[PDB]
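Engineer: Have a look at the structure that comes next, please.
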Amino acid sequence: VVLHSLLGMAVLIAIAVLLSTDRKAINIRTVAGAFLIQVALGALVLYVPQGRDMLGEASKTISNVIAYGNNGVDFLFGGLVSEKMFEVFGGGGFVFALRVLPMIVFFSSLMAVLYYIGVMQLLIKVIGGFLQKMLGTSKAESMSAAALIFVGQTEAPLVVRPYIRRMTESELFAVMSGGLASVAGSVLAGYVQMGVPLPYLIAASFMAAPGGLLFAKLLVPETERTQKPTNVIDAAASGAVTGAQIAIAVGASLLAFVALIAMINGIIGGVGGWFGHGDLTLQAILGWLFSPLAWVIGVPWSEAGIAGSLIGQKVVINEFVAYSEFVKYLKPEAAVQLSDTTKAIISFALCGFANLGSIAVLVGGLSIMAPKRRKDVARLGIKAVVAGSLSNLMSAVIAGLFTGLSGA
Amino acid sequence: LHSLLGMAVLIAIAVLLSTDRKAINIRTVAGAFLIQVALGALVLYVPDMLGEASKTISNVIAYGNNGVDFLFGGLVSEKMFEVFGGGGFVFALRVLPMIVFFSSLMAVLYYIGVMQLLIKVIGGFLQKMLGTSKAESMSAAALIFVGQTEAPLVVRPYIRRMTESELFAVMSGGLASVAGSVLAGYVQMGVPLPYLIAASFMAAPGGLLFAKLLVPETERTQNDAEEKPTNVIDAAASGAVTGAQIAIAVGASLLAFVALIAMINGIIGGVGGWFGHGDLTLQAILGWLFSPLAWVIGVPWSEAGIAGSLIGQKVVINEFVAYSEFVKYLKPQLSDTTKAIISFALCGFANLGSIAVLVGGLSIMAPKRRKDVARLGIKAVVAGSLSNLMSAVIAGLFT
Amino acid sequence: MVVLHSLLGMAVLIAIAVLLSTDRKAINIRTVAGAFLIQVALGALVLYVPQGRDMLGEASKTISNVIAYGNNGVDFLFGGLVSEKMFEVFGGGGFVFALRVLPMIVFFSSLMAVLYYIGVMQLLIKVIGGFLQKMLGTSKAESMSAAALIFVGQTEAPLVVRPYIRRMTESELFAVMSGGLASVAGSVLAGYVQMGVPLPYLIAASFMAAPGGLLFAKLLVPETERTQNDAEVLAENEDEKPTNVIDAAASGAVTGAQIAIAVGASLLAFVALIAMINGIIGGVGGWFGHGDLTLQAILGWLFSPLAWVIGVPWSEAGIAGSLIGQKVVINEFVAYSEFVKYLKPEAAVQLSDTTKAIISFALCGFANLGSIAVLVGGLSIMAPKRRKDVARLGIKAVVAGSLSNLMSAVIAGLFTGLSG
């Protein structure tokens with residue numbers, strides 16, 4: 001099993017070098033260094049016991065946080081989320097809008113607070129310093145990843161924006177990549193309340209950033225030379241409301257994507273008959289397309305069908321859909337069994353922003369800051385989505401590597 | 001025999017309130033009427049097409065409820081009824097998201113290129129036969145396919161300098177049309193879907209009619225407009241968002257006006273309190289106000305007052321609340337001809353809140369045009385209403 | 001039945017004001033003692049003397065009926081989810097703050113849009129503003145503002161100040177600011193109602209707030225400069241207006257919506273955060289040996305004197321302290337949220353009628369630490385050059401409005417101490 005995953009790594013990086021603009025002029029120190037850091041964090045939080053403990057403790061912490069969040073919701077929306085629902089609607093009583101989305105809100109608030117007091121800025125400074133020192137990468141991109149872990153896509157530019165101006169091509173592509181692989185606080189919390197394993201998610205962010213910069217450099221190394229809230233309360237407020245527009249954005253976007261995909265399965269299911277298939281879903285199709293990719297990453301075939309199914313069902317669409325069909329396999333009243341290693345690899349791989357929509361999310365949101373580069377950015381959009389994708393897939397592979405411990 | 005006279009009376013009234021008696025093309029208006037009624041029989045009297053189409057978009061709506069059942073889960077499931085009752089039908093959750101969906105759906109269809117095609121075809125047709133401006137045709141097309149809120153998203157290039165006519169045409173045309181929101185909401189309410197599809201096709205060109213009656217055209221049109229959806233997914237997303245927040249707006253507005261009119265019930269009861277008459281209701285006042293016209297459309301004096309309150313509420317409140325009180329008058333008087341008549345009469349979303357919308361957004365795309373749009377709202381309601389009424393009497397004709 | 005303690009309260013408050021004030025001398029006693037006297041005058045008018053009490057009744061039931069029209073609107077929109085059946089099922093948790101309240105915010109927003117458009121508000125405003133400007137020594141503008149802040153808060157733009165603010169004097173500016181921070185907009189008032197908070201007390205709060213606003217305004221930073229009034233305006237482009245009554249109802253409604261969402265999200269955030277902090281202090285306190293400690297009790301322990309001063313008896317001073325504290329350091333809504341749970345008999349703690357009154361007034365206003373940034377942000381758009389001077393005055397402003405409410409409360413303690 002070990003050499004299978006090692007193989008996986010080799011394959012991914014291979015794909016990278018293939019698609020990479022410049023196959024040479026890759027500084028090995030920077031790259032394999034970053035990589036080594038990635039697998040290092042993986043082994044650290046996963047393999048050795050102290051890792052499992054500290055990680056679990058993290059889960060304890062922000063699960064308490066989230067619990068505060070649902071205290072909030074329990075206040076705002078009242079008993080509509082209470083334990084009485086399950087005695088009624090049962091397995092349908094879980095309201096994805098009233099429960100999940102508000103955590104997006106709350107976290108947007110909290111994260112805004114953490115800008116304000118300066119905690120985020122502090123840690124970003126630290127980890128950024130770590131990256132710039134160990135690899136030798138430019139300051140702004142390291143910092144960019146650093147925040148990209150911890151904060152939303154709207155509050156991410158707060159640090160990066162002044163640097164973007166004279167930013168090189170590599171640096172920019174690193175901003176994009178790190179932005180694609182990483183997941184915001186808000187969406188993360190959402191992922192929690194959806195039922196998705198937390199510890200793995202944490203691991204997935206902390207892997208996401210360095211992997212982000214890893215493929216960001218691999219694809220396109222650098223040629224040329226490098227270079228408001230009043231009081232806390234207000235910060236909390238602006239964070240909340242910003243979180244509101246974000247919330248509605250997500251929720252609506254999801255209803256859309258789901259219903260559309262349903263329609264598409266209506267039609268494809270239809271033409272299946274012309275070709276002689278009574279029933280077919282888009283899911284299964286993607287499951288055919290990305291299955292091999294699911295084999296490379298180390299997942300056993302029998303479950304790799306569904307693995308590739310879900311990965312593909314992320315990339316071409318988005319994450320929340322994917323997880324929302326994952327929890328069907330998670331909640332154990334079903335008969336469909338999924339191996340531990342499978343649950344892991346999927347859990348990581350589906351953690352990321354990488355999709356088709358995220359391109360325009362970025363190009364658009366980055367336009368108001370430095371519109372001069374809008375063309376270039378749009379040009380690097382797809383390759384960047386590839387970067388983020390490869391990052392999350394690598395992380396997933398690192399998961400698959402470590403069998404020492406078992407999932408929930 | 002009462003029908004024809006009725007139609008004549010409607011067109012009469014419209015003219016009576018119309019600005020210009022010029023209307024240099026009567027072939028356009030009478031021809032339009034001709035198109036309305038012709039298609040009316042075409043989907044009714046003569047024989048495949050309509051059945052398959054109707055059930056098709058029926059399945060579409062089912063996709064919608066799959067989306068919602070995802071997002072809002074149990075709350076929109078059927079258990080509510082065993083819990084609450086018919087009062088357990090939750091509008092906000094059940095309906096507005098459909099707006100989100102149909103919106104997204106458009107954007108997708110625009111990116112793949114279907115709506116350009118459909119609207120090009122139908123638009124080309126109408127403007128060819130009845131010989132008018134193309135814009136109104138376009139909007140009308142979308143108004144067959146989608147509803148009032150989603151419609152304006154196409155006409156943004158042509159809105160600037162709309163020659164004040166095309167503008168009113170889109171206004172009214174929207175107001176009468178049923179697709180998306182009002183359509184889905186209707187289906188969920190349970191009123192038969194295919195009859196409503198027929199109502200949709202029947203609603204659009206009628207708008208063209210009455211609009212062309214009130215405010216004809218002069219000035220040049222075609223050339224106009226001297227951020228992009230990028231790929232397909234982003235199109236779906238962006239569309240979803242825009243539609244969504246539009247839906248929020250819609251809901252808010254609805255609650256607003258409904259509430260205000262209730263406030264007016266309080267006003268009437270208040271004044272009439274010391275007037276000694278007392279307990280006089282807007283339901284009753286409009287009940288006797290639109291009653292004569294309710295007689296005009298061919299519905300007998302028997303069961304007229306019903307249409308008085310219902311239509312009244314359609315003008316001021318909406319056709320929804322009016323539909324609720326309608327089905328309240330259904331199961332005990334209601335005559336079948338008056339049933340169908342008041343039914344399609346109850347079809348169309350045109351109201352105060354409706355023009356509130358299509359003034360608001362349409363304004364947002366044309367700020368210098370704002371005063372000019374908002375100035376026409378009520379008369380527009382008149383137009384679209386009378387359109388659905390033409391549709392109504394026509395429904396009476398095949399009864 | 002001595003209730004001299006009350007006068008002592010008025011004394012301490014006004015005292016703190018004067019002390020904190022910038023220019024001692026410049027205070028014009030006619031203006032300040034005037035405003036104060038109007039505040040207490042109304043205090044007696046709507047409480048002690050039965051006539052105004054009756055009037056207050058009429059108004060109460062009136063807007064209560066308006067509110068009923070609101071709930072009918074809701075009952076259409078969100079349907080049976082707010083119907084009675086929830087209680088038979090979801091019980092005491094069946095009361096859904098997102099469903100029960102925020103819509104009323106929207107509705108009143110549309111209403112007040114209609115009442116600007118038709119012109120009722122403009123007229124009433126011009127009356128009250130006329131009154132205050134003629135009697136005591138305020139300028140035209142600040143008076144009209146303080147008038148309109150009873151009926152409409154900075155939620156919807158006051159827009160009587162639009163020509164005036166740009167190039168307006170320090171004391172005047174601080175008078176608008178404090179004015180706003182003193183009162184409650186209509187919509188949020190409705191919210192306060194549906195939460196169960198007593199209505200008439202709130203009405204009295206809205207009316208008492210303005211003159212008190214001017215009280216502490218002119219106390220803290222008196223008028224050192226030259227008023228303008230009818231002299232020179234050069235107003236802009238007939239503003240930007242609603243077209244007809246309809247588009248009014250709309251703009252006001254939708255505005256009411258994004259306001260609703262704003263409030264909802266904000267409260268989610270705030271409640272949860274406070275729970276979090278309660279976690280931290282809970283733990284640390286657990287190390288010092290206090291297992292049970294919260295932001296609340298700390299605040300009550302901090303604001304207790306202010307509690308005893310305003311006429312609240314000591315026993316209840318802890319609670320009044322915690323509440324008013326949450327008014328100042330967080331916002332008013334949260335405060336009420338913890339408050340109403342003391343208004344139902346099913347709840348353990350009982351509060352003396354006088355105390356209920358007093359607190360119920362004191363928490364009425366936008367005075368908090370967020371409304372500074374809100375003001376600055378909304379105010380700058382009208383007058384960009386002014387922003388600096390504004391932010392300079394934000395804090396002193398919050399103090400002002402806060403104290404204004406406090407005076408109001410004291411008054412209530414006295415007169416409801418009598419009539420009851």
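Chain labels follow the order of the structure tokens: the first chain is A, the next B, and so on; residue numbering restarts at 1 in every chain, and ligands are counted from 1 in their shown order.
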Using only C-alpha atoms, which protein or nucleic acid residues come within 7 Å of segment 212-227 of chain A? Drop anything in the same chain fewer than 5 positions from it, and give the result as JSON, numbers by chain.
Structural biologist: {"A": [16, 17, 19, 20, 21, 22, 25, 26, 31, 34, 35, 138, 168, 170, 173, 174, 177, 178, 181, 387, 388, 391]}
Engineer: So that I have them on file, write out the residues from the current selection with C-alpha atoms, as a CSV table (one decimal), in the first residue's frame.
Structural biologist:
```csv
chain,number,residue,atom,x,y,z
A,16,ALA,CA,2.5,19.0,-12.9
A,17,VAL,CA,5.8,19.0,-14.8
A,19,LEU,CA,1.5,21.0,-17.7
A,20,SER,CA,4.1,23.3,-16.3
A,21,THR,CA,5.1,26.2,-18.6
A,22,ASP,CA,8.8,26.0,-17.7
A,25,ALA,CA,14.3,26.8,-14.0
A,26,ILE,CA,12.6,25.0,-11.1
A,31,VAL,CA,9.8,23.0,-4.3
A,34,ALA,CA,7.7,22.8,0.4
A,35,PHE,CA,6.6,19.3,-0.5
A,138,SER,CA,8.7,35.8,-1.6
A,168,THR,CA,5.3,39.0,-10.4
A,170,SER,CA,4.7,33.4,-10.0
A,173,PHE,CA,-0.3,32.4,-9.5
A,174,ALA,CA,0.6,31.5,-5.9
A,177,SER,CA,-3.4,28.6,-6.1
A,178,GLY,CA,-3.2,29.0,-2.4
A,181,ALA,CA,-6.7,24.8,-2.3
A,387,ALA,CA,-2.9,23.7,-9.1
A,388,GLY,CA,-5.4,23.8,-6.2
A,391,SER,CA,-2.7,20.2,-4.0
```
Engineer: Please run DSSP on the backbone and report, as an NGL selection string, all residues within segment 57-190 of chain A that come out as helix (DSSP H, G or I).
Structural biologist: :A and (57-76 or 78-81 or 85-87 or 90-92 or 96-117 or 119-134 or 139-150 or 157-164 or 169-181 or 185-190)
Engineer: Find the residues in chain B near chain C: any atom within 9 Å counts, using only C-alpha atoms. Write them as a PyMOL selection string.
Structural biologist: chain B and resi 83-93+248-263+266+321+352-353+355-357+359-360+370-371+374-375+377
Engineer: Let's have the selection written as a short mmCIF file (atom, residue, chain, number, x, y, z; two decimals), in the first residue's frame, with N, CA and C atoms.
Structural biologist:
```cif
data_model
loop_
_atom_site.label_atom_id
_atom_site.label_comp_id
_atom_site.auth_asym_id
_atom_site.auth_seq_id
_atom_site.Cartn_x
_atom_site.Cartn_y
_atom_site.Cartn_z
N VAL B 83 -48.93 18.00 10.64
CA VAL B 83 -48.68 18.82 11.81
C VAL B 83 -49.64 20.00 11.88
N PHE B 84 -49.47 20.95 10.96
CA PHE B 84 -50.26 22.17 10.98
C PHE B 84 -51.61 21.97 10.32
N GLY B 85 -51.58 21.91 9.00
CA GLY B 85 -52.79 21.85 8.20
C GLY B 85 -52.49 22.54 6.89
N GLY B 86 -53.54 22.97 6.20
CA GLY B 86 -53.38 23.74 4.98
C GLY B 86 -52.71 25.07 5.26
N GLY B 87 -52.70 25.46 6.52
CA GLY B 87 -51.98 26.65 6.94
C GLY B 87 -50.50 26.35 7.01
N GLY B 88 -50.16 25.07 6.97
CA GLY B 88 -48.77 24.66 7.04
C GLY B 88 -48.10 24.73 5.69
N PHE B 89 -48.70 25.45 4.77
CA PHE B 89 -48.07 25.62 3.48
C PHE B 89 -47.26 26.89 3.52
N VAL B 90 -45.95 26.74 3.55
CA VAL B 90 -45.09 27.88 3.84
C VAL B 90 -44.62 28.53 2.57
N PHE B 91 -45.12 29.73 2.30
CA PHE B 91 -44.90 30.34 1.01
C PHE B 91 -43.45 30.66 0.74
N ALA B 92 -42.84 31.41 1.65
CA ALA B 92 -41.49 31.91 1.47
C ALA B 92 -40.52 30.81 1.09
N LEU B 93 -40.57 29.73 1.84
CA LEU B 93 -39.68 28.62 1.58
C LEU B 93 -40.08 27.91 0.30
N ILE B 248 -35.62 37.70 -2.53
CA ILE B 248 -35.74 38.35 -1.23
C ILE B 248 -36.55 39.62 -1.38
N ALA B 249 -36.16 40.44 -2.35
CA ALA B 249 -36.85 41.68 -2.60
C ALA B 249 -38.33 41.43 -2.79
N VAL B 250 -38.65 40.48 -3.65
CA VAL B 250 -40.02 40.16 -3.96
C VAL B 250 -40.81 39.84 -2.71
N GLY B 251 -40.29 38.91 -1.92
CA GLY B 251 -40.97 38.51 -0.71
C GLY B 251 -41.24 39.71 0.17
N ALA B 252 -40.18 40.46 0.45
CA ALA B 252 -40.29 41.60 1.33
C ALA B 252 -41.40 42.51 0.87
N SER B 253 -41.39 42.81 -0.42
CA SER B 253 -42.39 43.69 -1.00
C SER B 253 -43.78 43.14 -0.79
N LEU B 254 -43.94 41.84 -1.01
CA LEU B 254 -45.24 41.20 -0.88
C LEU B 254 -45.80 41.37 0.51
N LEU B 255 -45.02 40.96 1.50
CA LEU B 255 -45.46 41.12 2.88
C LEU B 255 -45.84 42.55 3.10
N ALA B 256 -45.01 43.45 2.60
CA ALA B 256 -45.25 44.87 2.78
C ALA B 256 -46.64 45.24 2.33
N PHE B 257 -46.89 45.16 1.03
CA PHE B 257 -48.17 45.61 0.50
C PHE B 257 -49.35 44.89 1.10
N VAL B 258 -49.25 43.59 1.28
CA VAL B 258 -50.34 42.86 1.90
C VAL B 258 -50.68 43.50 3.24
N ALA B 259 -49.64 43.72 4.03
CA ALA B 259 -49.82 44.29 5.34
C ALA B 259 -50.46 45.66 5.24
N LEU B 260 -49.93 46.51 4.37
CA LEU B 260 -50.49 47.84 4.19
C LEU B 260 -51.97 47.81 3.87
N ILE B 261 -52.37 46.90 3.00
CA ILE B 261 -53.77 46.85 2.63
C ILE B 261 -54.60 46.39 3.81
N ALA B 262 -54.05 45.49 4.62
CA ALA B 262 -54.73 45.16 5.86
C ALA B 262 -54.91 46.42 6.71
N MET B 263 -53.87 47.24 6.76
CA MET B 263 -53.95 48.54 7.41
C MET B 263 -55.12 49.34 6.84
N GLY B 266 -58.27 48.30 8.28
CA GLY B 266 -58.38 48.98 9.55
C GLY B 266 -58.83 50.41 9.39
N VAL B 321 -53.52 35.84 -2.64
CA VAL B 321 -54.51 35.91 -1.57
C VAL B 321 -55.90 35.74 -2.16
N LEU B 352 -49.96 45.85 -7.48
CA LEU B 352 -49.21 46.99 -7.01
C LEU B 352 -47.76 46.61 -6.73
N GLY B 353 -47.57 45.52 -6.00
CA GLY B 353 -46.23 45.08 -5.66
C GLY B 353 -45.46 44.68 -6.90
N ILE B 355 -45.68 46.02 -10.09
CA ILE B 355 -45.09 47.21 -10.68
C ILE B 355 -44.10 47.87 -9.74
N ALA B 356 -44.23 47.61 -8.45
CA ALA B 356 -43.20 48.06 -7.53
C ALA B 356 -41.89 47.43 -7.95
N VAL B 357 -41.93 46.12 -8.17
CA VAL B 357 -40.75 45.42 -8.65
C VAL B 357 -40.26 45.96 -9.99
N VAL B 359 -40.75 48.40 -11.65
CA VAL B 359 -40.21 49.74 -11.64
C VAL B 359 -38.85 49.72 -10.98
N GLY B 360 -38.72 49.00 -9.87
CA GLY B 360 -37.48 49.04 -9.12
C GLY B 360 -36.27 48.56 -9.90
N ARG B 370 -35.73 56.48 -14.70
CA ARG B 370 -36.48 56.05 -13.51
C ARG B 370 -37.84 56.70 -13.37
N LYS B 371 -37.86 58.03 -13.40
CA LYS B 371 -39.10 58.77 -13.23
C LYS B 371 -40.09 58.34 -14.29
N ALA B 374 -41.47 54.76 -13.50
CA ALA B 374 -42.31 54.73 -12.31
C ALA B 374 -43.62 55.45 -12.54
N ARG B 375 -43.60 56.41 -13.47
CA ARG B 375 -44.78 57.18 -13.80
C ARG B 375 -45.89 56.33 -14.42
N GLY B 377 -46.58 52.96 -13.85
CA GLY B 377 -46.86 51.71 -13.18
C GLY B 377 -48.31 51.28 -13.16
#
```
Engineer: If you count only C-alpha atoms, which residues fall within 7 Å of segment 26-43 of chain C, apart from same-chain ones fewer than 6 positions away, as a PyMOL selection string?
Structural biologist: chain C and resi 136-137+208+211-212+214-215+218-219+222-224+411-412
Engineer: With a distance threshold of 10 Å and counting only C-alpha atoms, extract the residues of chain B near chain A and express them as a ChimeraX atom specification.
Structural biologist: /B:59-80,83,97-98,100-105,108,227-245,248
Engineer: Take the residues that were just selected and, keeping N, CA and C atoms, output them as a short mmCIF file (atom, residue, chain, number, x, y, z; two decimals), in the first residue's frame.
Structural biologist:
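Generated output (part02.cif):
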```cif
data_model
loop_
_atom_site.label_atom_id
_atom_site.label_comp_id
_atom_site.auth_asym_id
_atom_site.auth_seq_id
_atom_site.Cartn_x
_atom_site.Cartn_y
_atom_site.Cartn_z
N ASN B 59 -41.99 18.28 -14.68
CA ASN B 59 -40.78 17.63 -14.21
C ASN B 59 -39.73 18.67 -13.81
N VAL B 60 -39.65 19.77 -14.56
CA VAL B 60 -38.72 20.83 -14.18
C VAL B 60 -39.00 21.32 -12.76
N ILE B 61 -40.25 21.65 -12.50
CA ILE B 61 -40.65 22.10 -11.18
C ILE B 61 -40.31 21.06 -10.12
N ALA B 62 -40.45 19.79 -10.48
CA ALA B 62 -40.02 18.72 -9.59
C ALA B 62 -38.53 18.84 -9.28
N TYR B 63 -37.72 19.19 -10.27
CA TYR B 63 -36.30 19.45 -10.02
C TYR B 63 -36.16 20.56 -8.99
N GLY B 64 -37.01 21.58 -9.13
CA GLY B 64 -37.01 22.68 -8.19
C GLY B 64 -37.21 22.19 -6.78
N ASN B 65 -38.29 21.45 -6.56
CA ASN B 65 -38.55 20.92 -5.24
C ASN B 65 -37.49 19.94 -4.76
N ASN B 66 -36.73 19.35 -5.67
CA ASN B 66 -35.60 18.54 -5.22
C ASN B 66 -34.52 19.44 -4.66
N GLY B 67 -34.30 20.56 -5.35
CA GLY B 67 -33.36 21.55 -4.87
C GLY B 67 -33.73 22.05 -3.50
N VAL B 68 -34.98 22.48 -3.35
CA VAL B 68 -35.41 22.99 -2.06
C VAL B 68 -35.36 21.91 -1.00
N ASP B 69 -35.91 20.74 -1.30
CA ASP B 69 -35.88 19.60 -0.37
C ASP B 69 -34.46 19.34 0.09
N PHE B 70 -33.49 19.64 -0.76
CA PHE B 70 -32.10 19.64 -0.33
C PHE B 70 -31.83 20.75 0.65
N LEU B 71 -32.14 21.97 0.23
CA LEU B 71 -31.69 23.12 0.99
C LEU B 71 -32.46 23.27 2.29
N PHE B 72 -33.78 23.29 2.20
CA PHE B 72 -34.60 23.51 3.38
C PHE B 72 -35.13 22.24 4.02
N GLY B 73 -34.83 21.10 3.40
CA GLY B 73 -35.17 19.82 3.99
C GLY B 73 -36.62 19.66 4.42
N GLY B 74 -36.80 19.13 5.62
CA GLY B 74 -38.12 18.77 6.11
C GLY B 74 -39.18 19.84 6.01
N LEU B 75 -38.80 21.08 6.27
CA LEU B 75 -39.76 22.18 6.37
C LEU B 75 -40.67 22.30 5.17
N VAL B 76 -40.16 21.91 4.00
CA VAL B 76 -40.98 21.92 2.80
C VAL B 76 -41.54 20.54 2.47
N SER B 77 -41.28 19.55 3.31
CA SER B 77 -41.85 18.24 3.07
C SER B 77 -43.33 18.24 3.39
N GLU B 78 -43.97 17.08 3.26
CA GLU B 78 -45.43 17.01 3.29
C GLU B 78 -45.96 16.83 4.70
N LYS B 79 -45.05 16.62 5.65
CA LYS B 79 -45.42 16.32 7.03
C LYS B 79 -46.02 17.53 7.73
N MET B 80 -45.67 18.71 7.22
CA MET B 80 -46.15 19.97 7.77
C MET B 80 -47.66 19.91 7.93
N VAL B 83 -48.93 18.00 10.64
CA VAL B 83 -48.68 18.82 11.81
C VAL B 83 -49.64 20.00 11.88
N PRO B 97 -37.43 30.44 -3.60
CA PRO B 97 -36.30 29.70 -4.14
C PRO B 97 -36.51 29.30 -5.58
N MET B 98 -37.76 29.07 -5.99
CA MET B 98 -37.99 28.76 -7.38
C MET B 98 -37.49 29.91 -8.21
N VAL B 100 -35.05 31.68 -7.54
CA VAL B 100 -33.61 31.47 -7.65
C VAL B 100 -33.32 30.49 -8.78
N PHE B 101 -34.06 29.39 -8.79
CA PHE B 101 -33.82 28.34 -9.75
C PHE B 101 -34.01 28.80 -11.18
N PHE B 102 -35.21 29.27 -11.52
CA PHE B 102 -35.49 29.73 -12.87
C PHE B 102 -34.46 30.75 -13.31
N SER B 103 -34.00 31.58 -12.38
CA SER B 103 -32.98 32.56 -12.72
C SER B 103 -31.71 31.86 -13.20
N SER B 104 -31.18 31.01 -12.33
CA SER B 104 -30.00 30.23 -12.66
C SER B 104 -30.17 29.55 -14.01
N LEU B 105 -31.36 29.01 -14.19
CA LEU B 105 -31.68 28.25 -15.37
C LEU B 105 -31.53 29.12 -16.58
N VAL B 108 -27.83 29.83 -17.41
CA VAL B 108 -27.29 28.66 -18.07
C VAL B 108 -27.73 28.61 -19.53
N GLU B 227 -17.86 42.94 -17.22
CA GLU B 227 -18.20 41.75 -16.45
C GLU B 227 -18.98 40.75 -17.29
N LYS B 228 -18.56 39.49 -17.21
CA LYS B 228 -19.13 38.43 -18.02
C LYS B 228 -19.19 37.12 -17.24
N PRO B 229 -20.18 36.28 -17.55
CA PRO B 229 -20.39 34.98 -16.89
C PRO B 229 -19.22 34.01 -17.04
N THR B 230 -18.29 34.31 -17.94
CA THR B 230 -17.12 33.47 -18.17
C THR B 230 -17.61 32.07 -18.56
N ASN B 231 -17.31 31.06 -17.77
CA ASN B 231 -17.70 29.69 -18.10
C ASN B 231 -19.16 29.41 -17.80
N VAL B 232 -19.56 28.15 -17.90
CA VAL B 232 -20.95 27.78 -17.66
C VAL B 232 -21.31 27.76 -16.17
N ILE B 233 -20.46 27.17 -15.36
CA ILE B 233 -20.74 27.09 -13.94
C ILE B 233 -20.93 28.47 -13.36
N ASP B 234 -19.96 29.34 -13.55
CA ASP B 234 -20.07 30.69 -13.01
C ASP B 234 -21.33 31.37 -13.48
N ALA B 235 -21.76 31.04 -14.68
CA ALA B 235 -23.00 31.59 -15.17
C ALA B 235 -24.10 31.14 -14.24
N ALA B 236 -24.17 29.83 -14.02
CA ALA B 236 -25.20 29.28 -13.15
C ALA B 236 -25.17 29.95 -11.79
N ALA B 237 -23.97 30.14 -11.26
CA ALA B 237 -23.82 30.73 -9.95
C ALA B 237 -24.33 32.15 -9.91
N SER B 238 -23.75 33.00 -10.75
CA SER B 238 -24.09 34.41 -10.78
C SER B 238 -25.59 34.57 -10.93
N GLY B 239 -26.13 33.89 -11.93
CA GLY B 239 -27.56 33.89 -12.15
C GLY B 239 -28.29 33.54 -10.88
N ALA B 240 -27.83 32.50 -10.21
CA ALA B 240 -28.48 32.05 -8.99
C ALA B 240 -28.50 33.16 -7.96
N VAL B 241 -27.40 33.88 -7.85
CA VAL B 241 -27.31 34.92 -6.85
C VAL B 241 -28.30 36.03 -7.15
N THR B 242 -28.18 36.58 -8.36
CA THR B 242 -29.02 37.70 -8.77
C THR B 242 -30.48 37.37 -8.56
N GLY B 243 -30.89 36.24 -9.12
CA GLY B 243 -32.24 35.78 -8.92
C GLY B 243 -32.59 35.69 -7.44
N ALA B 244 -31.65 35.21 -6.63
CA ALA B 244 -31.92 35.01 -5.22
C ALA B 244 -32.29 36.30 -4.54
N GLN B 245 -31.39 37.27 -4.63
CA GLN B 245 -31.63 38.52 -3.94
C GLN B 245 -32.86 39.21 -4.50
N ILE B 248 -35.62 37.70 -2.53
CA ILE B 248 -35.74 38.35 -1.23
C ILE B 248 -36.55 39.62 -1.38
#
```
Engineer: Considering only C-alpha atoms, extract the chain C residues located within 7 Å of chain A and return them as a list in words.
Structural biologist: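 Result: residues 90, 93, 94, 95, 96, 97, 98, 262, 264, 265, 266, 268, 269, 271, 272, 275, 276, 330, 369, 370 and 373 of chain C.
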Engineer: Which of these residues is nearest to residue 183 of chain B, using only C-alpha atoms: B:46, B:114, B:347, B:310?
Structural biologist: B:347
Engineer: Set the distance at 9 Å and use only C-alpha atoms: which residues neighbour residue 130 of chain A once local chain neighbours fewer than 5 positions away are removed? I'd like the list as an mmCIF file with C-alpha atoms, in the first residue's frame.
Structural biologist:
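Wrote it out as out_22.cif, contents follow:
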```
data_model
loop_
_atom_site.group_PDB
_atom_site.id
_atom_site.type_symbol
_atom_site.label_atom_id
_atom_site.label_comp_id
_atom_site.auth_asym_id
_atom_site.auth_seq_id
_atom_site.Cartn_x
_atom_site.Cartn_y
_atom_site.Cartn_z
ATOM 1 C CA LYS A 125 3.437 37.024 10.222
ATOM 2 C CA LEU A 135 12.133 27.867 1.263
ATOM 3 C CA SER A 142 3.759 33.102 1.891
#
```
Engineer: Write out as number ranges by chain each polymer residue whose atoms come within 6 Å of segment 394-404 of chain C, counting only C-alpha atoms; drop sequence neighbours fewer than 2 positions from it.
Structural biologist: C: 178, 181-182, 212-213, 216, 367, 372, 391-392, 406-407
Engineer: Could you name the residues that touch residue 329 of chain B at 12 Å or less, counting only C-alpha atoms, but leaving out those on the same chain fewer than 3 positions away, as a list in words?
Structural biologist: residues 303, 305, 306, 307, 309, 310, 322, 323, 324, 325, 326, 332, 333, 334, 335, 339 and 342 of chain B
